[PDB]
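Reading through the C-alpha cells given below for one structure.
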Amino acid sequence: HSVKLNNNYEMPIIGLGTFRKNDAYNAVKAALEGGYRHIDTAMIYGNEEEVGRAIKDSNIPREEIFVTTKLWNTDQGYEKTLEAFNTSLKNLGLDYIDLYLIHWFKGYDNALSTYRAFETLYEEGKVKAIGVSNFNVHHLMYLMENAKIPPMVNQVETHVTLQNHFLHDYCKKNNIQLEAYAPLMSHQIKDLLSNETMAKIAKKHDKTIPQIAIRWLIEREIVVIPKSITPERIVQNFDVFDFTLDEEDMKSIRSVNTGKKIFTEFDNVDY
Amino acid sequence: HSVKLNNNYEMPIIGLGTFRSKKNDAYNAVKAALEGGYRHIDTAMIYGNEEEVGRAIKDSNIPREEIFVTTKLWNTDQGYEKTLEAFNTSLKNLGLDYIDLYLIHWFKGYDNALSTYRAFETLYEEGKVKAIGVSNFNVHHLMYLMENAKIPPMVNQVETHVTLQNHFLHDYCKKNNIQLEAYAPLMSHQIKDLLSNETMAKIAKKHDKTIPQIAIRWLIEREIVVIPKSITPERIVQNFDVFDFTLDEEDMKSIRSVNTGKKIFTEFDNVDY
C-alpha cells in the first residue's frame, strides 16, 4: 500500500519505527525481510549507525526502501541543520534520505531557518520529501504562509485514545500527509490491550488488538510506524493487508478516543 | 491583588476553585474562602454547584459587587440560542442577575465557538456579563476569535502549573491582550508530583511556606490569575496566604526548570464530550 505526497512522491503507509545496542540492527533486518519498505529513525535515537547497515546486509536495492530521519532540537538553525543532516547522512551510510523531519517545534524563527535548510537540501536532491514532527495547527499555518516548499508530512502521536480528527482534517485540507507515531500507545499499550471495544473487534477479524489499531490508521489513510524490536511482533504488525474494517468497526473505534495525550505538549518542549 | 482585563474590568488574581462534589461541601468551601479573604469564586454548569455557590454568596453578608463570580458554558450548550438559555439557567441557579466572567469551557469547532461567542457578546452588550472569555482554547482557536469577534476575548482559562508552564501560550495571550488564567495550579489529582518535587520542596524552605503556596505565588509572579480548588478549610486559608512574601529571580529560574510539558487534562483538539 502506497500513499502520494504533494510532491507526487510515494510513501509506504506502513513502516518500522526505531528507538534508542544491536537491537536496532535486529529490528530493521527482520523488518526488511518481512516485507517492510519503510524505516523511520532519528539522530536523537542514536541508532542511525545501526539502521543503515541493516539496509545493506540484505540486498533490497536502495530505491525500493523509504528512509526517514529527523533533525534534533539542539541542531535547529540553518547551518547547524546542514551538517546535522550530513552527520545523520554519513551515520546511515547513505547520501539520500527519503524523508527529513523537524523533530519538535522550537519557535517560529527556529522553524523557518531550519526549514530553510530543508528546502536548499531538497533542491540539491539529498532529500526526497520534507516535513515536520509534533507540529500543531498554528505551527503548520506558519509553515504554509512563510515557506516556499509546502510541508509534506506531519508526524504526530496518534492512536485510538488520541485520534486527532481535528488535526487530521487540517492536514488533509492543506495537503499534508499525517503520520502517526506511538500507534500502539507506546508505554501505555496496556490501556489499548485491555480495551474491551478493541478486543471485540479483534475477535471479529481473527486478528490481534494491535493489528486492528494499526489497520485502523490505514483505514483513515494515515501512515503508521508501529514501534517494536521483538522479531515476530514486527511480523504481526506488518500483517494487516489481508483484511478490512467496516463502518461499524470504525464507528466503534471512534468512541475509544479520550484525548489523553501521552507525549509532551506541542508548545512545552525545553529539550 | 487584582489584574485588569482589556476592558478595564478588575479581576482578583486569586480565587477559589470549585469542583463537582457532594452536598454542602461546595457551599461550605465558598464561605470558608469568603471569610478567609477570597473575593473571587470560579464555578461552572458542569460542576452542578451553581446553586450552592450562589447561596453561599448571599448568606456571607458581603456586598455582591465586591465578589468576582465566574461560571462557564458547557459543551452541549454551544450555539447562539442554546447559549443564551444556558446562561439564564446559570444566572438563576447562582441567584445573581449579572455575572462577572463567562467562559466557553471547551473548544468544539470554530463555528460553534463563534456562534457561542456571539451570544456572549449580546449578553455583554446587555450588561449581563462584565467580562467574556474562553477556556481550554489553544493558539489557533484564539486566532479565530481575535479575527472574528467584535468584542475581543478577555480571559483564557487553561491548565497551567509548574510541570506545564505554557510560556508560549502565555506570551501569545499577552501579545493579544488576553488574561491567561490557570486552573489545576496544584496539578489537580496529580497532586503527588508537585508535593514530591525536590525543587519545589527546597525553595519552600527559603520562604517558610508550603509547596502549594509556592506554586500559587509563582503564578502570581507571572501575572497569571490562579484558582486552586479545595474543600478543606485549612488548605483554603493556606492557599490564600500568598501575599506576605515574594519570589526572587533565582527562585523563578529554579522553578522554570521543573517544567516537563506533561499535560494532565484533555488535549485541546480531542474533545468528544
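Lettering follows sequence order; numbering is per chain, from 1.
- Expressed to the nearest 0.5 Å, how far CD1 of A:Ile13 lies from CG of A:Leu217 amounts to 8.5 Å.
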Under the criterion side-chain contact (heavy atoms from CB on, under 4.5 Å), I'd like the reasoning laid out for A:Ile65 against A:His38: C-alpha separation, chi angles, the key distance, then a yes or no. CA-CA 6 Å; A:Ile65 292 189; A:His38 177 192; over 6 Å; no

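- Contact record, A:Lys80 with A:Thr74: CD-O, 4.3 Å, taken as the closest heavy-atom pair.
- Counting only heavy atoms from C-beta outward, the side chains of A:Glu179 and A:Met11 approach each other to under 4.5 Å.
- Within 6.0 Å of the NZ atom in A:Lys56, the count of heavy atoms belonging to other residues, nucleotides or ligands does not exceed 12.
- Residues B:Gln165 and B:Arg222 form a side-chain contact, since some pair of their non-hydrogen atoms from C-beta on lies under 4.5 Å apart.
- A:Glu123 and A:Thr120 form no side-chain donor-acceptor contact under 3.5 Å, judged by distance and modelled atom types alone.
- The only option from A:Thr18, A:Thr87, A:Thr69 that meets the side-chain hydrogen bond (donor to acceptor under 3.5 Å, both in side chains) definition with A:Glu48 turns out to be A:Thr69.
- Aromatic ring centroids of A:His103 and A:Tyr271 lie 6.0 Å or more apart.
- The local environment of CD in B:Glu147 is sparse, with at most 12 non-hydrogen atoms from other residues, nucleotides or ligands closer than 6.0 Å.
- Atom OG1 of B:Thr163 is separated from atom CG of B:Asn197 by 8.5 Å, given to the nearest 0.5 angstrom.
- Between atom CG of residue A:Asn26 and atom NZ of residue A:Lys21 there is a gap of 12.5 Å, rounded to the nearest 0.5 Å.
- For the pair A:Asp191 and A:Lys260, the salt-bridge criterion is not met [side-chain N within less than 4.0 Å of a carboxylate O].
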Does the pair A:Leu99 and A:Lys128 meet the rule for a side-chain contact (heavy atoms from CB on, under 4.5 Å), with working shown? CA-CA 6 Å; A:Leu99 184 58; A:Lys128 312 309 308 204; over 6 Å; no

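- In summary, the side chains of A:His205 and A:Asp249 do present a donor paired with an acceptor at a separation below 3.5 Å, with no hydrogens or angles considered.
- Using modelled atom types, no side-chain atom of B:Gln179 and backbone atom of B:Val155 make a donor-acceptor pair closer than 3.5 Å.
- Under a 4.0 Å N-O distance rule, the pair A:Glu219/A:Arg215 qualifies as a salt bridge.
- Shown are B:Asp269, B:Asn156, B:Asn136, B:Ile104; of these, the side-chain contact (heavy atoms from CB on, under 4.5 Å) with B:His141 is made only by B:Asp269.
- Within 6.0 Å of CZ in A:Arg233 there are 12 or fewer heavy atoms belonging to other residues, nucleotides or ligands.
- Here B:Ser135 contributes atom OG and B:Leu73 contributes atom CG; the two are 11.0 Å apart, rounded to the nearest 0.5 Å.
- Formation of a donor-acceptor pair under 3.5 Å by the A:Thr264 side chain with backbone atoms of B:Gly261 is not found in this model.
- Here the side chains of A:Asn47 and A:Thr41 are in contact, with some heavy-atom distance below 4.5 Å.
- The nearest pair of heavy atoms linking A:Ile229 to A:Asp23 is CG2-O, 3.3 Å.
- Salt-bridge annotation for A:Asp98 and A:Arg62: present, with a side-chain N of the basic residue lying under 4.0 Å from a carboxylate O of the acidic one.
- Here the straight-line distance linking atom CD1 of A:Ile209 with atom OG1 of A:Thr197 works out to 10.0 Å at 0.5 Å rounding.
- Taking the charged nitrogens against the carboxylate oxygens, A:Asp57 and A:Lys29 have no contact shorter than 4.0 Å, which rules out a salt bridge.
- Side-chain contact of A:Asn164 with B:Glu267: a donor-acceptor pair under 3.5 Å is absent, judged by distance alone.
- For an aromatic pair to be called close, the ring centres must be under 6.0 Å apart, and A:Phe118 with A:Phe85 fails this.
- When atom types are taken as modelled, the side chain of A:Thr81 and the backbone of A:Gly77 share a donor-acceptor pair closer than 3.5 angstrom.
- No close placement of the B:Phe107 and B:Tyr144 rings is indicated, their centers lying 6.0 Å or farther apart.
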Stepwise side-chain contact (heavy atoms from CB on, under 4.5 Å) test for A:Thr258 and A:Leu162: CA-CA 6 Å; A:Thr258 57; A:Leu162 188 72; over 6 Å; no

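- Checking side-chain atoms of B:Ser188 against main-chain N and O of B:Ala184 turns up no donor-acceptor pair under 3.5 Å.
- The nearest pair of heavy atoms linking A:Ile201 to A:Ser252 is CD1-CB, 3.9 Å.
- Remark: the A:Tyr122 side chain and the A:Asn7 side chain contain an N/O donor-acceptor pair separated by less than 3.5 Å.
- For A:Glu124, the CD atom counts as densely surrounded, since its 6.0 Å shell holds more than 12 non-hydrogen atoms of other residues, nucleotides or ligands.
- In plain terms, the two heavy atoms of B:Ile264 and B:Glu159 that are nearest each other are N-OE2, 2.8 Å.
- Residue B:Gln190 places its CD atom among more than 12 non-hydrogen atoms of other residues, nucleotides or ligands, all under 6.0 Å distant.
- Distance check, rounded to the nearest 0.5 Å: CD1 of B:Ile46 to CH2 of B:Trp106 gives 11.0 Å.
- The pair A:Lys227-A:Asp40 does not meet the salt-bridge criterion, since no charged nitrogen lies less than 4.0 angstrom from a carboxylate oxygen.
- Looking at every heavy atom in both residues, A:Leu178 comes nearest to A:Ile222 through O-CG2, 3.3 Å.
- For A:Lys70 and A:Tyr45, the side-chain atoms include at least one donor-acceptor pair closer than 3.5 Å.
- Heavy atoms of other residues, nucleotides or ligands lying less than 6.0 angstrom from NZ of A:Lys204 number more than 12.
- For the pair A:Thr158 and A:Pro183, the minimum side-chain heavy-atom distance is 4.5 Å or more.
- With respect to A:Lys207 and A:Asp242, a salt bridge is recorded, a charged nitrogen being found less than 4.0 Å from a carboxylate O.
- Dense packing is recorded around CD of A:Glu64, with more than 12 heavy atoms of other residues, nucleotides or ligands lying under 6.0 Å away.
- More than 12 heavy atoms of other residues, nucleotides or ligands lie within 6.0 Å of CD in A:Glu83, so this atom counts as buried by the packing criterion.
- Remark: of the listed residues B:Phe268, B:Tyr172, B:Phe168, B:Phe168 is the sole one forming a ring pair (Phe, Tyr, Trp, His ring centres under 6.0 Å) with A:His138.
- In terms of heavy-atom proximity, B:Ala113 sits nearest to B:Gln78 at N-OE1, 4.0 Å.
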Between A:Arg37 and A:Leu32, does the side-chain contact (heavy atoms from CB on, under 4.5 Å) criterion hold? Intermediate values first, please. CA-CA 7 Å; A:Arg37 293 190 327 218; A:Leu32 293 187; over 6 Å; no

